[PDB]
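Architecture and fold: a report
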Amino acid sequence: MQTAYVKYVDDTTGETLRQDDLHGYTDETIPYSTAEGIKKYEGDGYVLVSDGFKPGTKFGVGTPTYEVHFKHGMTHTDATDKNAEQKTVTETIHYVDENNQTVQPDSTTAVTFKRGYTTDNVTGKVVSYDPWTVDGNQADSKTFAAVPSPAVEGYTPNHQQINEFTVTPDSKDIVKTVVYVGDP
């Protein structure tokens, strides 16, 4: 009674997923197909790479192993997708007086960093990230244009303008207050 092995391998991790031990007499057709197995692992997120078994294969005399190789499926989500990773850093300028009351409308400017990534279909964990993008262009930071405090006759602000500031996706929002002093 001969033996034949059918070995399903995950090339990604290197592990064996399944091994089928088949038995029969020399010269008969092995009552087996790799169909069902391959179907089951594809539903798991795996991708076929090669299938060494072939229908019509008979039992000989050795102890042969036939291999079916798989790799992990990959799903790419890119920066324009709803699922992209997004980080927003905003800057707010308040314009007040001695009583901390509104003398000029707020200056507000926002930057949204977006990036795609790749997920492993089998494990479900993410394996890489695409470069950070700002409005569809590759960038890891952005400088906020320095903002000039507007002119209010009767007052003079304690900062003529607030500077440029560079921000990364990680950065904390910017809150800066300008105080206008009444003309003595």
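Residues numbered from 1 in each chain as written, not as in the entry; some residues may be left out. Heavy atoms only, no water.

A short note on the overall build of the chain
Counted only if it meets this: Each helix is a run of DSSP H or I of at least 4 residues and each strand a run of E of at least 2, with the numbering of both proceeding from the N terminus. Each radius of gyration reported is based on C-alpha atoms, and the globular scaling rule is 2.2 Å times the count of residues to the power 0.38. Accessible area is worked out with a 1.4 Å probe on protein chains only. A residue is then buried under 20% of its type maximum, exposed over 50%, and partly exposed in between.
For the chain, the helix and strand inventory stands at one helix and 17 strands. What you see for the chain is a C-alpha radius of gyration of 32 Å, clearly larger than the 16 Å of a compact globule of 184 residues, by over 25%. Principal axes of the C-alpha set define a box for the chain whose edges measure 110 × 25 × 20 Å. Residues classed as buried in the chain amount to 32% of the 184 residues present.

Quick notes on the packing of aromatic side chains
Here is the rule we go by: Planes of paired rings set the category: under 30 degrees apart is stacked, over 60 is edge-to-face and the rest tilted, where pairs are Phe, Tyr or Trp rings (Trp by its six-membered ring) whose centres lie within 6.5 Å.
The full count for this structure, using the stated rule, is ten aromatic pairs. Ring centres 5.7 Å apart and planes at 90 degrees place the aromatic pair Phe53 and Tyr66 in the edge-to-face group. In this pair, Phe53 sits in the loop between strand 3 (46-51) and strand 4 (65-72) while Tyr66 sits in strand 4, placing the two residues 13 residues apart along the sequence. Judged by relative accessible area, which is 5%, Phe53 ranks as buried.

Things to note about the sheet that holds strand 3
Heads up, the rule is: For two strands to count as paired, DSSP must find a minimum of two bridges between them. Only the stretch in contact is used when fitting a helix axis, every axis being a line fitted to C-alpha atoms; angles between N-to-C directions are given from 0 to 180 degrees. Contact criterion: two residues are considered in contact whenever any of their non-hydrogen atoms come within 4.5 Å of each other.
Strand order in the open sheet formed by four strands is 2-1-4-3, with mixed pairing between adjacent strands. The open sheet has two free edges, formed respectively by strand 2 (16-24) and strand 3, since each of these has just one partner strand. Strand-to-strand twist in this sheet, taken as the mean axis angle between neighbours without regard to direction, amounts to 20 degrees. On the sheet, helix 1 (residues 35-42) packs against strand 1 (2-10), strand 2, strand 3 and strand 4 and is oriented at approximately 150 degrees with respect to strand 3.

Brief notes about the pattern of salt bridges
The cut-off we apply is this: Within this document, salt bridges are pairs made up of a side-chain nitrogen of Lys or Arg and a carboxyl oxygen of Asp or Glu, the two lying within 4 Å of each other.
This structure, assessed with the given rule, holds five salt bridges. When the shortest N-O distance is used, the salt bridge between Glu36 and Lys40 registers 2.6 Å. A residue pair is termed a helical-turn pair when its members lie 3 or 4 positions apart in one helix, as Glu36 and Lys40 do in helix 1 at four residues. According to the relative accessible area criterion, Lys40 is partly exposed, its value standing at 45%. For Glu85, the salt bridge is made with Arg115, and the minimal N-O distance between the two is 2.9 Å. Of this pair, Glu85 sits in strand 6 (residues 85-96) while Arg115 sits in strand 7 (residues 104-115); the two residues are 30 residues apart in sequence, bridging distant segments of the chain. Residue class for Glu85 comes out partly exposed when judged on its relative accessible area of 21%. If you follow the salt bridges from partner to partner, you end up with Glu85, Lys87 and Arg115 in one network.

Description of the sheet that holds strand 6
Pairing is mixed in the open sheet, where six strands are placed in the order 11-10-7-6-17-14. The two strands at the open ends of the sheet, each matched to only one other strand, are strand 11 (137-138) and strand 14 (155-157). Summarising the sheet, strand 6 and strand 17 (residues 174-182) pair through six bridges and their orientation is parallel. When the sheet's bridge partners are listed, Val96 is paired in strand 17 with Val179.

Looking at the environment of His69
On the secondary structure map, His69 appears in strand 4. You can call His69 buried: its relative accessible area is 18%. Along the primary structure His69 and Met1 are separated by 68 residues, whereas in three dimensions their C-alpha atoms are 27 Å apart. Beyond its immediate chain neighbours, meaning those up to four positions away, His69 contacts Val9, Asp11, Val47, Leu48, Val49 and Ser50.

Some remarks on the domain arrangement of the chain
As a reminder, the rule being used: Domain delimitation follows an automatic or database domain assignment. Values labelled buried area give the accessible surface lost by two parts on being combined, using a 1.4 Å probe and summing over both. Counted as a polar contact is a pair of N or O atoms within 3.5 Å, where, for protein atoms, one must be capable of donating a hydrogen and the other of accepting one, and residues adjacent in sequence contribute only when both atoms are in side chains. Residue polarity is assigned by list, with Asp, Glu, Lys and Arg as charged and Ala, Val, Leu, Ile, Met, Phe, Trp, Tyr, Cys and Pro as nonpolar; anything else, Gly included, falls into the polar class.
With domains assigned, the chain is organised as domain 1 (1-72) and domain 2 (73-184). For domain 1 and domain 2, the distance between their C-alpha centroids amounts to 56 Å. Listed as interface residues are six residues of domain 1 and, on the opposing side, six residues of domain 2. Carbon and sulfur atoms supply 59% of the area buried between domain 1 and domain 2, which totals about 400 Å² over both sides. When the buried surface of domain 1 facing domain 2 is broken down by residue, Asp44, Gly45 and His72 rank first, second and third, together holding 85% of it. Taken together, the connections running from domain 1 to domain 2 amount to zero salt bridges. Between the two partners, domain 1 and domain 2, sit two residue pairs in polar contact. At the level of secondary structure, the elements contributing two or more residues to the side of domain 1 that touches domain 2 comprise strand 3 and strand 4. Per-class residue counts for the side of domain 1 that touches domain 2 are two nonpolar, two polar and two charged.

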